[PDB]
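Worksheet: the structure to be examined is printed underneath.
Here the Cβ positions follow ideal geometry from the backbone for every residue, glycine too, while neighbour counts run over all protein chains shown. We did not get these values from a lab; they are worked out from the coordinates using the rules stated.
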Amino acid sequence: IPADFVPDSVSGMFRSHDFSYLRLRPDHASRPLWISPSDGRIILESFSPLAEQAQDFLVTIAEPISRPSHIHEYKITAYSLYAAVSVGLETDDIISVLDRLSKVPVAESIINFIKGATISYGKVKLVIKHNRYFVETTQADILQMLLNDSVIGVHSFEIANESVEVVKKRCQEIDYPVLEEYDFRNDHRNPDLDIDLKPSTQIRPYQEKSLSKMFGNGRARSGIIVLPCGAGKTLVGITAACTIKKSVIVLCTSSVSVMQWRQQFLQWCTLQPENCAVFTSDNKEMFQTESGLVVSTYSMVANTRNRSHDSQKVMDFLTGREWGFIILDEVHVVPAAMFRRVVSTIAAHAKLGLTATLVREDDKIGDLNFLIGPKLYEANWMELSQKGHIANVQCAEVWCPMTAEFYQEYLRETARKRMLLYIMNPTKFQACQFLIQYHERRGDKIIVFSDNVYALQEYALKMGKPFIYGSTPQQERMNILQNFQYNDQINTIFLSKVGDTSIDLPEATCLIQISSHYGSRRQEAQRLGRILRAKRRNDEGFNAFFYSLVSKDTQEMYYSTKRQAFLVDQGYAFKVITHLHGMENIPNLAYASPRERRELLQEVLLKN
Amino acid sequence: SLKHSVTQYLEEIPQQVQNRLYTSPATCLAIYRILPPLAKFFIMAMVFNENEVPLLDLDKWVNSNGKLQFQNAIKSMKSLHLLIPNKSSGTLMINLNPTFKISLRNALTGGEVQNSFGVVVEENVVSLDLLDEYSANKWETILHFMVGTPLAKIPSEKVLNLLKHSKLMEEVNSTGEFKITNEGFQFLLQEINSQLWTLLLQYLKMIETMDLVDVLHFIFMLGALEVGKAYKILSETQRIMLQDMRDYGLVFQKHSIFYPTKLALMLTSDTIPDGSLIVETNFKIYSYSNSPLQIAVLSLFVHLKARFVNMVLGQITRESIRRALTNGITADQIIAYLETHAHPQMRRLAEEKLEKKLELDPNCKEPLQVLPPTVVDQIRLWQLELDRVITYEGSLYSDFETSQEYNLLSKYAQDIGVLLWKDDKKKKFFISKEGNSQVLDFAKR
Amino acid sequence: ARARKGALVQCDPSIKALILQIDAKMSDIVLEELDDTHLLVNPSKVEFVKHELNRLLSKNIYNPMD
Amino acid sequence: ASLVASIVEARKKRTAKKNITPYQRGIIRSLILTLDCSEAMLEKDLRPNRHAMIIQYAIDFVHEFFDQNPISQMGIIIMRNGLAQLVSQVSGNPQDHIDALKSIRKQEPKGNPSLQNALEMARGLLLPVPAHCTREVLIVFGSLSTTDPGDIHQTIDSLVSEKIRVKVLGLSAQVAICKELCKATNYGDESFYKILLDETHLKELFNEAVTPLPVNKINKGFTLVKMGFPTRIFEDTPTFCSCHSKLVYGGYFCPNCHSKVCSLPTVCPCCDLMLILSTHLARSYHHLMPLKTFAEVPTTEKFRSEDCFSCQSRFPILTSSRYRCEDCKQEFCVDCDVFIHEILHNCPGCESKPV
Ligand SMILES: [Mg+2]
Ligand SMILES: [Zn+2]
Ligand SMILES: [Zn+2]
Ligand SMILES: [Zn+2]
Ligand SMILES: [Zn+2]
């Protein structure tokens, strides 16, 4: 507080929130920045100068809380300041630029926070010499304090691979973080891989920014890069591999993703299909070349329950290979306990994380700081939406009025079956039937998401068009997928948690949700990203269409609000629709007669 | 309904009391300002000739397209006893009130005013520095007192008693505190001249004999008064309530010379903008307005963050919404504030969407809410989800026989205002327990 | 031929079944079920029932957002 | 530093309007606007699409043309699917063509253009036209090509021989054949094949096309024309009209053969003679009596007055915004300069100054 700040009569609910004690600079017209020192928040104008230069700086040193079109709510965090000094930045420069572009005097607590969040950059480093995690620090000053720490037990010494994660968490805790910047040009102990950036690949500007933020020194800075759906994370990884030119391993959490990224990699880089050996229960071949790649999903390394000897040979081979680069695509699942064996198993130097969503239910997402590193780059979602790099969606949330026909049983149903009982409302069937009619009238490919296989198959059978879920085999689901894509008999399909994420299905510009998870925001966000990567995200007059059929009179409204609040905070609003269009103009309605409603009620009473 | 309320009050005022009010030119000038354009034209035409007219000449002059409006004007004219329409020679012979006529004539000619426009001293000073500043001070004190945010300068005991008695900003004696009624929030929503007129209507209603016509004539000349001059301190009842409205901060009186501030002018007449707010689906407030009064009134129903020069920011919470709801403050009052605080870019976008949806379908199969329902209906859905029930308590008559008890005594009960509910087919209708004035009398027949 | 002293309430089948659950956890307050949109209740417990109904849709949603 | 750019832009603008001439300009006009409604105008590339904006701009063009020059008839033929379709005969009532264009609103633009067919039937429609009427056609075009049945050059020669001019407002860029049309029809001028750069430029171009055009000395047709002022009646009884054959309360009466009509400025249906009001003929007198430009006096020199002569406001003070009417020797503000030069058509300083 640069004032006396005598408490105002209107500042009672302003529990240290009345931010008028600051002496506002007369350059408030030009400068775009406020500071909120009560919570560390930052208030940023979208209509004053210096904001274009300050946007990347605020992303680097701060995190945004909320970014609508008019005012961006940012927040300096120690995580973001560590990311800033890891990119290469410092407290004094941050304070100087902040006072240069700030309308307001710089707060003492913020000054102290940025002073504290300055790391020993360059002091603590680790290298791998013949699959051995050598902790090579620049001084014995590091060795004294680290041996002063009880966990541990120029100059380089060994720390065990499972102990590497624990000691990385510990050194982050004592705020002595390690930078992992591989000198792949200087290191020739690893086999260099003759892969070249083909002229057929040219890079987007924000992707070039993402590379150069972690290629500022020419070394590969290890961390996270968060890019939206369809941004070209495969292209970014291909460019990083081609400019590293070493043995590289990338694991993604689907065998379909294994197939698709293997063909993407052999397409847009000069690595050879001989050098790429694909590992799965389809085939477990190995490449015998000095340099190349072996791809598998996380399952064929995590599992030890039912493993083949050829799988054992392959995992032995990858254990033997000292890789120079690792990318954990869809990094939201690898910090799970059966999945966080990556450092314990794979000897790889540079650790990059590419994913769409950097959020989850628990705090395992912050473990990537001592698993792979901080966020090296992020692309602004609404900026790419207006840039056409991702889509523009007219989301329409459908508040289906609850039928008492199903509510009478739903209220007296037990808890494990209440969910399946209120998913299956005949009014919801009626609304879905007219919505499918109306969007096939508009000529839009529609994908329907249900959390339950029986509800998915019942909706699919009432449509007369097939279903795909997690228990459907791969051959049947791809047959149904190609039937949907090319065959005009299959105009719409019925997808599930194999369709929510980790697939490339951007044709469906229309999406209707009949069910979802209880509170998993990431499933809903990935379902939105399924159509955010749509092909017609660039044409004029485009707005994608998202629909969520949710039953009234439940907790499902609060559930959907919880699942949607991340997208609302992103900028993907959820508009209110209760009275739909064309409710009786459709002649035939699914389970329209009350006898039909009681029929479906006792049909689902057979299970519930 | 300000002119409606004042006209209704003057119609409640009897004919000769009205004629007493029509005696003085300042009162006649203010009342002429109140009259609608047609009657204003009629009286300015007839005021300069002592020729009474029959109704037939006026009817022949009047174009029949606005005949309803003509009927409204002449209905006000007759019901105020400003007219003397008598069926002389079989024809409804039209006659203006003659005292009103001559006092208007003298006011227009600048003739005999008897200082009804004001017993003038004409010692003019600066008003922006003393009168406007003291006026803004006293009005700020009473305004934040009405808000409920703490302020030391309490109002007068007369207005304090009027608030205690009245249903405006209830000084609940069990709590000992002024409390925001729904009528209090109506007063908050009101325009400033509306607030002044409601205050004077309530004070005139409560005040009795203090001569009522003296208060009336003094109020009319006080509205007629001009800023920044000294004047003679007149009737003594007028003088003592003049000291009362001095304590309200309306006039800057040096205990005989008094200096009327700008509030008399606003009482007489009114005089990306300020007060324009950008709505947000994230409920964020982008106000193009700032005042400590603005923050004080926004504290009642909006969760705010900080105060900057014109940029008042915040986020509307459902806690703020239900804080408004639990005070008895109406969601219609809330949207009255909201729709009076809209912004140009968003209303242009709303009108563009309206014109887009006009060509597709007339109904559009959408709820009728012109303000963009992405943010606006979220409150309106919360508005419908706020009340969402109907409660009937007390007596109830049930199991009727046939509709002679519905189309004869319950259809008649629509004309007298005694039922709370009406259902012919259920053969029951609900009334309040205390509303049995004329319910158990003709229903027995 | 009867006229019992009750408080008529406009209702719904769903909120009426909630009223029935109110009767289940303490009975004989609500007098009789007229139709799907009408009910008759003890006039002494109308706002007790209203506040408990407020608790009922609180348990439905509660709008915490904390 | 924006005022220097505004000043040099105003200089480069005023270099074109330095020469103001009292050319003989056509009053008895004959304007045709053909419309193409093809696949090209289905592009939403300009918001909302080219078809919608040309519809709206044509509405405005009809209004402006009938307001400024009510002494002409207006015909519109649409182009669609390799056929040119007449939708609007030449008429004195703009409302007919307004309704036809409203019909064109709801229908769907599609097909390919044929300027040969379009201009041929435009020629045929322009065939029974009297000598004093100035036959001229506006053409809008969005394609870069034209499918045609036969030669265009014979049509060009015939159009030149029959004394009809054209002006092309192309959409995308220049088309060489359209340049050839404009040049050869327009005595070698290149001031008729115009390409917009945005919708505002299109608006300005339409406003430019509103104006009457000068005529050539060699194209001499100086003659008289018979004229008749009618008389309006306001009768109690409804009376049958000659034109639409229906009962009319009022209506003008024919000065010659004493019939009655329903609208003006129109020709008689019975004695077959044109009927106008003096207002209609005086409407173009600003074109007949043009206004000289007004000069800002320099800020360095001494000033006759420091506030505006006409609107009576203070002149603002770097440069001097005192636009001087040299014909009346009075300086004016920019607002008054704009209003007198565009909306008004007289100089009140020259009205006060006696001659
Ligand atoms: Mg699926
Ligand atoms: Zn006619
Ligand atoms: Zn004639
Ligand atoms: Zn001027
Ligand atoms: Zn002049």
**Request:** Starting from region A:442-453, keep only residues that are acidic (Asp, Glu), then list their pairs with residues that are crowded, with 21+ Cβ neighbours inside 10 Å whose Cβ atoms are within a distance under 6 Å, requiring at least 6 positions of separation or different chains.
**Result:** A:444/A:509; A:444/A:510; A:451/A:515; A:451/A:516
**Message:** Restricting to region A:37-60, give me the number of residues that are assigned to a loop (DSSP other than H, G, I, E, B) and surrounded by 12 or more Cβ atoms within 10 Å (Cβ to Cβ).
**Reply:** 7
**Request:** Would you be able to tell me the number of residues in region B:406-433 that are crowded, with 17+ Cβ neighbours inside 10 Å and more than 14 Å from every other protein chain (Cβ to nearest Cβ)?
**Result:** 3
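Restricting attention to strands (runs of 3 or more DSSP E) lying wholly within region C:1-61, give those where 2 or more residues are surrounded by fewer than 15 Cβ atoms within 10 Å (Cβ to Cβ) and either away from chain A (no Cβ under 13 Å) or touching a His at 6+ places or on another chain (Cβ under 8 Å) (or both).
Per the criteria, C:30-35.
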**Message:** Criterion first (outside any helix (DSSP H, G or I) and over 12 Å from residue A:293 (Cα atoms)) does residue A:253 satisfy it?
**Reply:** yes
**Request:** Output the residue which, of all residues in region D:312-355 that are more than 9 Å from ligand 5 (Cβ to nearest atom) and of a type in the set (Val, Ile, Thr), is farthest from residue D:288 (Cα to Cα).
**Result:** D:317
**Complete:** Among (1) within 14 Å of chain A (Cβ to nearest Cβ); (2) crowded, with 16+ Cβ neighbours inside 10 Å, residue D:38 falls short only on (1)
**Request:** Say whether the condition of being surrounded by 17 or more Cβ atoms within 10 Å (Cβ to Cβ), hydroxyl-bearing (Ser, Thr, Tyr), within 12 Å of chain B (Cβ to nearest Cβ) and not in a helix (DSSP H, G or I) is met by at least one residue in region A:575-593.
**Result:** no
**Asked** What helices (runs of 4 or more DSSP H) lie completely within region B:33-133 and have 3 or more residues being among the hydroxyl-bearing types (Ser, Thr, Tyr) and touching a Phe, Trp or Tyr at 6+ places or on another chain (Cβ under 7 Å)?
**Response** none
**Item:** In region A:296-342, residue surrounded by the fewest Cβ atoms within 10 Å (Cβ to Cβ) [restricted to those that are touching a helix residue (DSSP H, G or I) at 6+ places or on another chain (Cβ under 9 Å) and within 24 Å of residue A:187 (Cα to Cα)]
**Value:** A:319
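Tell me which residues, restricted to region B:370-398, are acidic (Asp, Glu) and more than 7 Å from every other protein chain (Cβ to nearest Cβ).
If the condition is that a residue be acidic (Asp, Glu) and more than 7 Å from every other protein chain (Cβ to nearest Cβ), then B:385, B:387 are the ones that fit.
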**Request:** Looking only at region A:4-36, count how many residues are part of a loop (DSSP other than H, G, I, E, B), out of contact with any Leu (no Cβ under 7 Å at 6 or more places or on another chain), away from chain B (no Cβ under 11 Å) and at negative phi.
**Result:** 5
**Request:** State which residue is farthest from ligand 2 (Cβ to nearest atom) when the search covers only region A:428-454 and only residues that are assigned to a helix (DSSP H, G or I) and hydroxyl-bearing (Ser, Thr, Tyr).
**Result:** A:454
**Request:** Would you mention how many residues in region A:242-259 are polar (S, T, N, Q) and more than 13 Å from residue A:327 (Cα to Cα)?
**Result:** 4
**Fill in**
The correct count of residues that are assigned to a helix (DSSP H, G or I) and β-branched (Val, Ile, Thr) in region B:295-349 is 6
**Asked** Residues in region D:257-264: is at least one within 16 Å of ligand 2 (Cβ to nearest atom) and closer than 17 Å to residue D:65 by Cα?
**Response** yes
**Residue tally, condition within 14 Å of chain A (Cβ to nearest Cβ) and surrounded by fewer than 18 Cβ atoms within 10 Å (Cβ to Cβ), over region B:301-337** = 7
**Pairs where the first residue, in region C:23-38, is of a type outside the set (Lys, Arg) and the second is surrounded by fewer than 11 Cβ atoms within 10 Å (Cβ to Cβ) and not in a helix (DSSP H, G or I), C-beta under 7 Å, 6+ apart** = C:31/C:4
**Asked** What's the number of the condition residue A:407 fails, among (1) over 21 Å from residue A:599 (Cβ atoms); (2) over 31 Å from the mean Cα position of the chain (by Cα); (3) not hydrophobic (A, V, I, L, M, F, W, C)?
**Response** (1)
**Asked** Just one of the numbered conditions (1) closer than 25 Å to residue A:378 by Cα; (2) in contact with a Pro (Cβ under 9 Å, 6 or more places away or on another chain) is not true of residue A:107; which one?
**Response** (1)
